[PDB]
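Reading through the structure tokens given below for one structure.
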Amino acid sequence: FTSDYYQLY
Amino acid sequence: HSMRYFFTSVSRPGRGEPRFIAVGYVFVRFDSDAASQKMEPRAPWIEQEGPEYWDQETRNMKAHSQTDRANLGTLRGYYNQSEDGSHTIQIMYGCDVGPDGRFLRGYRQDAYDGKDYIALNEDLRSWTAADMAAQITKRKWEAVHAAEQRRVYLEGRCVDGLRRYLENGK
Amino acid sequence: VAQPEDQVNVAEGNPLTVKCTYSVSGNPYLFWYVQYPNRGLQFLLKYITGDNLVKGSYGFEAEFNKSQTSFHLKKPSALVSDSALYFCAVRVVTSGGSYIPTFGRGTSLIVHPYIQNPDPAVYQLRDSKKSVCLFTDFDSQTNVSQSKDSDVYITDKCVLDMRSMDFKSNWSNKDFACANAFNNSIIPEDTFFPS
Amino acid sequence: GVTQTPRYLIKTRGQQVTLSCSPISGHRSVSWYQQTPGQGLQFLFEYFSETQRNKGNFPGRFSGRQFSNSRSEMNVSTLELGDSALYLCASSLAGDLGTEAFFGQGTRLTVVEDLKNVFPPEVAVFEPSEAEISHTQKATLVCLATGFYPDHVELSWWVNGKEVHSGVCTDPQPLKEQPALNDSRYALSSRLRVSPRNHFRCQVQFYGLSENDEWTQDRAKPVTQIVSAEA
């Protein structure tokens with residue numbers, strides 16, 4: 001469900 | 001039974017802030033230029049999840065919108081692409097599960113301007129780069145053990161969310 | 001995380017034994033946090049993947065053991081500065097992928113100093129015009145207990161560090177005498193009491 | 001580091017407080033902690049770019065919010081006696097498992113049931129005895145911060161007008177003058193040991209009452225102030 005871990009580039 | 005999240009992020013220069021599309025697939029659609037400005041659903045069997053999910057996910061990808069803005073600004077440096085304007089990011093993370101609902105394999109391959117970028121392997125611990133700029137992303141996504149955290153999401157809210165999604169069929 | 005020993009007593013130069021035990025329904029993503037006095041929690045070391053024998057800041061190390069389900073912060077050389085509240089934090093990774101840090105109840109590692117030449121004395125200090133009596137320069141073996149009268153107050157032993165000298169050392173308004181307020185607990189029989 | 005305001009604060013029961021936290025430059029994730037002497041360090045709630053991602057086990061009167069620039073604020077409205085603790089804020093990059101976690105210096109709060117129990121500390125410094133000079137050829141000074149409540153005191157020794165961490169050993173915990181009642185009048189003490197132009201000063205910075213709290217008791221008002229004792 002759209003991981004709250006949105007890792008940055 | 002997959003779970004894909006195609007995160008279309010077009011900069012849309014001129015008018016202002018980037019115009020973001022968050023079509024996910026098993027589903028949902030966060031058009032940042034729509035009227036709702038909330039996580040409007042595009043799937044029948046997602047309405048059964050209540051305010052413990054709608055607000056959580058809405059704020060989660062409100063955060064993800066700023067994350068994609070930041071990463072798009074980052075690729076302004078990485079590729080050193082033309083600053084003339086529009087440049088689209090295509091996130092494609094997710095994971096497959098067996099009919100048992102356990103973690104079969106995970107896949108987080110990145111796609112900037114249609115082509116390839118950093119890509120996650122079958123081991124779910126080591127990525128696979130695609131060009132000179134992707135190795136920079138390798139450095140930081142292997143240094144902070146982001147591989148482990150994306151694993152436990154793929155062995156997690158990916159697996160658990162897709163479990164609940166398969167359960168959505170009553 | 002369950003840190004069993006509330007007060008760990010380690011001499012200067014002994015194997016530190018800050019016991020950490022974790023109970024999680026998942027992989028151990030372990031973390032050590034030192035809380036120096038008058039500051040916040042600072043990062044010591046972490047075990048995510050790779051070597052069981054890990055290393056961290058300030059010379060600390062840990063041995064992630066499946067044979068003990070323990071993550072003992074070990075340090076062969078003890079410093080007085082190690083006297084701090086050590087938190088063993090296991091970051092139980094949420095299904096989403098966000099770390100929820102759950103800490104222990106706190107281990108008060110006192111790191112009792114090894115006083116080379118104790119010479120205990122009890123000398124009184126007067127005001128700038130109540131008076132305090134000070135018990136000092138005693139070995140770490142002595143244990144101090146509180147007093148009986150509510151007028152009489154006893155201050156805990158304090159490990160002051162002469163880092164410029166590499167030296168260490170650990171009241172009432174009433175008829176009250178500094179030769180008293182010492183029957184409370186064990187005292188060194190050679191304690192110096194200027195009457 | 002994660003700069004936090006207010007540093008120390010006192011209120012009464014039912015009064016509203018607001019604490020502020022600003023993460024590291026570029027950090028976009030913020031966690032909140034509460035440190036009780038009894039229950040240890042409890043998780044309050046975690047924000048990440050205008051999104052509360054995780055929350056702890058606290059009543060509904062603990063609330064927080066983070067603005068667009070990653071700055072987060074914490075406020076408490078109905079103050080019960082269990083709200084006496086140190087409130088910590090954390091930072092991160094995106095919630096990475098290996099990005100460490102930079103914690104702040106915290107804000108310690110204590111809720112007085114009545115305004116009359118808040119007092120300014122009475123601080124005096126006791127000159128060293130000549131017995132110590134004859135015994136160990138050194139000198140130790142025993143300060144006393146007495147009659148202050150709550151114990152939101154930053155007892156910092158300033159030798160020659162500057163904060164010193166060498167030779168200073170201040171009590172980890174002040175002792176209660178009168179432990180019978182729920183409140184107290186804690187009497188603190190400190191030992192500064194050195195080897196007459198020195199200026200050993202036992203600054204007990206009391207973080208007392210604020211201007212918002214109306215006061216009806218007869219005596220003087222002990223707002224946040226400086227009570228300095230020198231020898």
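Following the order of the structure tokens, first chain is A, next is B, and so on, with residues numbered from 1 inside each chain and ligands from 1 in the order they appear.
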
Fewer than 6 positions away in the same chain doesn't count, so skip those; otherwise give me all residues within 8 Å of residue 2 of chain A, counting only C-alpha atoms, as a PyMOL selection string. (chain B and resi 5+57+60-61+157-158) or (chain C and resi 96)

Tell me as an NGL selection string which residues belonging to chain B come within 7 Å of chain D, counting only C-alpha atoms. :B and (59-60 or 63 or 144-146 or 149)

Write the residues of the selection above to a file with N, CA and C atoms, as a CSV table (one decimal), in the first residue's frame.
```csv
chain,number,residue,atom,x,y,z
B,59,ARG,N,-1.9,11.1,2.9
B,59,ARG,CA,-0.8,11.8,3.4
B,59,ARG,C,0.5,11.2,3.0
B,60,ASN,N,0.6,9.9,2.9
B,60,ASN,CA,1.8,9.2,2.5
B,60,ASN,C,2.2,9.6,1.1
B,63,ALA,N,3.4,13.2,0.8
B,63,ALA,CA,4.8,13.2,1.1
B,63,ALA,C,5.6,12.7,-0.1
B,144,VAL,N,22.8,3.2,3.1
B,144,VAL,CA,21.9,3.4,4.3
B,144,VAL,C,21.0,2.2,4.5
B,145,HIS,N,21.4,1.1,3.8
B,145,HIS,CA,20.7,-0.2,3.9
B,145,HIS,C,19.3,0.0,3.5
B,146,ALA,N,19.0,0.9,2.5
B,146,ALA,CA,17.7,1.1,1.9
B,146,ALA,C,17.2,-0.2,1.3
B,149,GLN,N,15.3,-2.1,3.9
B,149,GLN,CA,14.0,-1.5,4.2
B,149,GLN,C,13.0,-1.7,3.1
```

Using DSSP on the backbone coordinates, identify all residues within segment 92-189 of chain D classified as strand (DSSP E); present the result as a PyMOL selection string. chain D and resi 92+107-112+122-126+139-146+153-159+162-163+168-170

Neighbours of chain A in chain C at 12 Å, counting only C-alpha atoms, as a list in words: residues 93, 94, 95, 96, 97, 98 and 99 of chain C

Would you list the contacts of segment 184-191 of chain D as JSON, numbers by chain, taking every protein, DNA or RNA residue within 9 Å and counting only C-alpha atoms, but skipping same-chain residues closer than 2 positions in sequence? {"C": [155, 158, 160], "D": [117, 118, 119, 121, 122, 123, 125, 140, 141, 142, 143, 144, 145, 146, 147, 148, 149, 150, 151, 155, 157, 167, 168, 169, 170, 171, 173, 174, 175, 176, 177, 178, 179, 180, 181, 182, 193, 202]}

Contacts of segment 126-135 of chain B at 10 Å (only C-alpha atoms; same-chain gap of 6+ positions) as a VMD selection string: (chain A and resid 9) or (chain B and resid 75 77 to 80 107 to 111 115 to 120 141 to 142 147 to 148)

What residues in chain B lie within 7 Å of chain A, counting only C-alpha atoms, written as an mmCIF file with C-alpha atoms, in the first residue's frame?
```cif
data_model
loop_
_atom_site.group_PDB
_atom_site.id
_atom_site.type_symbol
_atom_site.label_atom_id
_atom_site.label_comp_id
_atom_site.auth_asym_id
_atom_site.auth_seq_id
_atom_site.Cartn_x
_atom_site.Cartn_y
_atom_site.Cartn_z
ATOM 1 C CA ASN B 60 1.775 9.166 2.469
ATOM 2 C CA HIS B 64 5.738 11.084 -1.960
ATOM 3 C CA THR B 67 9.834 13.219 -2.607
ATOM 4 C CA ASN B 71 14.270 13.424 -6.906
ATOM 5 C CA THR B 74 18.141 15.658 -8.240
ATOM 6 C CA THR B 137 21.957 6.125 -6.611
ATOM 7 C CA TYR B 153 8.266 -3.291 2.663
ATOM 8 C CA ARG B 157 3.043 -3.529 3.223
ATOM 9 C CA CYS B 158 3.597 -4.863 -0.276
ATOM 10 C CA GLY B 161 -1.274 -4.912 1.562
#
```

Expected answer as a PyMOL selection string: helix (DSSP H, G or I) residues in segment 2-163 of chain B: chain B and resi 44-46+51-78+134-143+146-154+157-163
